[PDB]
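Residue numbers (the working numbering), protein chains in the order written: chain L, 2 to 123; chain Y, 336 to 397; chain G, 10 to 151. Ideal placement from N, C-alpha and C gives every residue a C-beta, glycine not left out.
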Amino acid sequence: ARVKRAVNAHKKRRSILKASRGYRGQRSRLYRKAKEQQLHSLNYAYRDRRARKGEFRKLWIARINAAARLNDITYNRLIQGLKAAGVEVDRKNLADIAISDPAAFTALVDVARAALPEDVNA
Amino acid sequence: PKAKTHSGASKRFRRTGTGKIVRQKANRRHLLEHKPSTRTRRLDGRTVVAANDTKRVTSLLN
Amino acid sequence: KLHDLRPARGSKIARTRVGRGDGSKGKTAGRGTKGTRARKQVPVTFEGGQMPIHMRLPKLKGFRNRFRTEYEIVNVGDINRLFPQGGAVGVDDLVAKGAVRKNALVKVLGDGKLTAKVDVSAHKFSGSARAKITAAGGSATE
RNA sequence: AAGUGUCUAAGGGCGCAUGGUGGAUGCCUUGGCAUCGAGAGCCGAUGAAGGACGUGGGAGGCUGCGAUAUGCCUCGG
RNA sequence: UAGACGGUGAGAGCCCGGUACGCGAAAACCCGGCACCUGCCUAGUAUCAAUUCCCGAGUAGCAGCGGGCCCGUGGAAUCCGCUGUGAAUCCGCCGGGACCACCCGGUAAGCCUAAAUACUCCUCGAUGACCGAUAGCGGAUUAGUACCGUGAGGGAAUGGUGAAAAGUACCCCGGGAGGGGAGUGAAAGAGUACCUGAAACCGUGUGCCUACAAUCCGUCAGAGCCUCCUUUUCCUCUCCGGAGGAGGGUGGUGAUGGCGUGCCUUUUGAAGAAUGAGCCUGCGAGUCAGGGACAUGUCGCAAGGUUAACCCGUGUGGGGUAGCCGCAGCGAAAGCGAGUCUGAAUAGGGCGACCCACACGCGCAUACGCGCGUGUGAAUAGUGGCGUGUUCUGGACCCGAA
RNA sequence: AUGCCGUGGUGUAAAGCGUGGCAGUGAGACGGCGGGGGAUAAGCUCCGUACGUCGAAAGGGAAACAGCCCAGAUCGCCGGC
RNA sequence: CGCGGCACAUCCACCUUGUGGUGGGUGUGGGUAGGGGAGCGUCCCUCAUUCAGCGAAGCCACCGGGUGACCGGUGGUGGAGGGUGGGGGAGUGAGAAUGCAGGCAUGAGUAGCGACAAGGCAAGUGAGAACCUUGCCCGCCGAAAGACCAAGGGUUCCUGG
RNA sequence: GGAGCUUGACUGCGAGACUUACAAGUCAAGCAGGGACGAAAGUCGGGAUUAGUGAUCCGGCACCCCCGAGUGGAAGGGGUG
């Protein structure tokens, strides 16, 4: 019973290549070189989605800091004040507010300033 | 085509009526002047195979 | 029919094909080494160079008698339950009931209370067998 | 005045459309391997096996054939 | 009594060659039968006295050296061979595992002997959970050829048009090959370099990015264009379309930022400046026999189980009881038996038999259980086949030495 | 001082023991702590720890970094501490 | 930690309450050598069934689906053998052995083109001429680059195409 | 250290433990027989302990009816030392 092992292998070849399309040079043409890249690419996606989440926090923080400085207040005391106020609002939508409605951001700043106690002593 | 039994094992080990194999001790065939009767009694008799090589011995006999 | 005919559940274990990738079993597959075992099977006898147990231990004492006529052993308790009515016990009858190897001489053991008063036409009875047979009321033969 | 400011593709990259090279896969077979059963189990100094040379109306080889030469005679199909 | 296969323009019982089945041999050969021919016997069978001879000769046997038989000169028989010596013919001689007395058996050194058994160059008929052109014999084709080698020897590649050649008339470019137009053709997207026609590779057309910018040549964010497309301002031309565009969503491309040291093997340890791979396609590496062994799961039976060789028959079924494992083991062995051995005995010890929520008869006990029997229904198992894993001898996972 | 054996409680999910089947390992490295060999030496070598990590563990930090610090990735999330 | 989706042990209550499963809770789930468990897929025989020249296999592109190996539909090419399920059996899955057979790449339109004897012009055949033919010059070996035999080769000699 | 008498520098066993990969090594109260010292109780299975040793096969001496290749014997083999 000779089986002619071409077909079964071709399923892998055409699948991996059609997914690997777009890669430069001997990456989107060669099965055995493409296969390497899918391994590296997918390990990269695996860690990059998580890093992406952290990255977006970094961006949101920077923008909040910018608007906060426009209202003459730091990010530190901003978050401290909002926590004291119980305003459990995430940094994503807070940074959104910074653009959609800067006045609302100013209002939240006044709330934080009022909620903050007096100084840096305890 | 057909299994062989190790002739030395068949000439040194004795299977009992159950799943046990015993070993003859005889470190007493060369010099017997310095050995006390205590030692020769330790060697006299027949001793069950220690469980540390039965998985090998049973295949050597069979 | 054949299209409803199925194997028994738990039987027909699939053959673990060995050298078919890392997810199936492995590249080295059992022989995960580079020494002798990787390339060939060492005789089970060889221990390493030191004297194996086959020469280390002393030769089993004694010999074997060539002229040893081994007798088949008949359980008197089996006689008790097999022939509760007694009457007569022949060797052909006992082998007809399958209690002893065919075409062989026999002996009688006494391990078992004998109540059947029956004479036994056979060979080589033990003294305790005579005690039990005469207890029942029978007679020993040879 | 000072500043913002698209547009170049010599020639490369990626992806589509369409061709070429190659003859893999699929399907097949003028062909082979391994077996059961049944025969024969020898040829040859009457010149064996196997070959060179040659033979056809038409160049060469294979199969057949031997100065009677891709054939002759006889009994049958 | 034909539905086996194959072919015919596609999957045919009824189209065809055939099959089932029945016929069929002048002549030759083989076999068998018949007749002729050839060839053996004018008995030694039986009862008996046992005077005499005979029953295979440089043989047997012995000794020495060797072979081989499980038998490695060893206590070494039987058998064979060589070398020296060297007997007897029934009150004999040799063998029955050194050897000797007794006992049973057969009469050597002379010849022949079919069947049962093994094998297949070759020739029949059939089969196939065998191959389908890098497989099968190396050889499907000018194959043991071309070719290599002083030579012995070594030893390739090349299959497929189409149902039918109907192998593209004729015309036009071109020296021709080649191509286009016509035409046959179901189809030329089947044209001799040809069924199907992938990839590497080459190249063209075109959407998009790129000439101040370094990073296994990716991933994730991610603007702007391109293409597809929904709603919609809007064109009112509306029985049409949706043009261009905002917004939304696919498929490409991707400015620019972040992150990030090829794969395999071997290594204490690798991105590698350790090795290996130019790429693509195809080929290829833990498998099998055996009434093997060990263990395990399922399936037959149930103190049994099971048949091998072999016979019958038509598919692989029915028979076949020789044998195997189990059933009682211990001991060097004799041997005896739930005991057995060492041992004066075992008081002890090696090995194996015997587990109750409990009644009845019975001794002991405050209660609780020791023991002989039946159960208040109390405690249990091997064997064979098919699988799985391992293992043994078999080339033994494959390739590779000098 | 720790550590070891055993014992009575508390606590704990599997960790242990015995008997079987089938393999691997049988070349270790570094750091911390005690040593010895050495030169008061070494990214040297040889020992012990129920001391750890790598080996066989990605991630964050040490600028870069198998062995140091924190921490043991089932998968997803444009959510937090 | 939170919010959802898979899985493995143990446990709670159930359906054939250790064969086998349903709802829920807790804990667990990095992993090479290695053990174990459960599967996909190519080919082939058989049984049931069945699409199929109103177009299968194979191949190509697209859109979808599955935790994964992988699968389906549509359209195109092609033009005759494949699907589903229960079973059986493997010459069964290649990314690597300085692997093999075949084809094509990079190197690259790079090197090299073969004694340090030398070619040139005209006319002409011819679609096309440095290289062929016929003339005129030049040059070279000339004890060899000349002229005859042997071995060897086996028609390579001449004509015509 | 010293003195008198002696030979347990024994026989057949030894539960149960340590130790250890295995082989191997090591200790063992107590019991039967028989004996020594001891008026007795009691000690004694070599040396205050640890070093003074060498697996298997084969061969040799003595002993034990264990077998005895048809039987009875023997060769030879087997068991104990």
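In angstroms, rounded to a whole number, what distance separates the CA positions of residue 379 of chain Y and residue 357 of chain Y?
13 Å
Cβ neighbour criterion (16 or more within 10 Å) applied to residue 383 of chain Y:
exposed
Could you tell me whether any Cβ in chain G is nearer than 7 Å to the Cβ of residue 386 of chain Y?
So no, residue 386 of chain Y is outside the interface.
With DSSP collapsed to three states, give me the class of residue 448 of chain Y.
Since the displayed chain Y opens at 336 and closes at 397, residue 448 of chain Y lies outside it and no answer follows.
Taking only three categories from DSSP, how would you classify residue 8 of chain L?
Residue 8 of chain L falls in the helix class under three-state DSSP.
Taking the alpha helix (DSSP H) that residue 77 of chain L falls in, what are its first and last residues?
76-86
From residue 137 of chain G to residue 119 of chain G, what distance separates their C-alpha atoms?
5 Å
Please report the straight-line C-alpha distance between residue 42 of chain G and residue 36 of chain G, rounded to a whole angstrom.
C-alpha separation (whole angstroms): 11 Å.
Check whether the Cβ atoms of residue 99 of chain L and residue 64 of chain L lie closer than 7 Å to each other.
yes
For the alpha helix (DSSP H) containing residue 98 of chain G, name the first residue and the last one.
Residue 98 of chain G -> no alpha helix (DSSP H), and no H or E assigned at all.
Determine the direct distance from the alpha carbon of residue 41 of chain L to that of residue 354 of chain Y, and round the result to whole angstroms.
Each residue's Cα considered, the two are about 57 Å apart.
Please list the partners that residue 68 of chain G has in chain Y, where partner means a Cβ-to-Cβ separation under 9 Å.
343, 346, 347, 359 and 361
If you draw a straight line from the C-alpha of residue 63 of chain G to the C-alpha of residue 79 of chain G, how long is it?
30 Å
With DSSP run on the structure shown, which of helix, strand or coil describes residue 43 of chain G?
coil
Residue 150 of chain G versus residue 127 of chain G: straight-line alpha-carbon distance, rounded
It is roughly 12 Å from the alpha-carbon of residue 150 of chain G to the alpha-carbon of residue 127 of chain G.
Is it the case that the Cβ atoms of residue 108 of chain G and residue 87 of chain G are separated by a distance below 7 Å?
It is a contact, given that the beta carbons lie within the stated cut-off.
To the nearest angstrom, how far is it from the Cα of residue 361 of chain Y to the Cα of residue 66 of chain G?
8 Å
May I ask you to list, following chain order, the residues of the segment 37-54 of chain G that have a beta carbon less than 9 Å from some beta carbon of chain Y?
Answer set for the segment 37-54 of chain G: 53 and 54.
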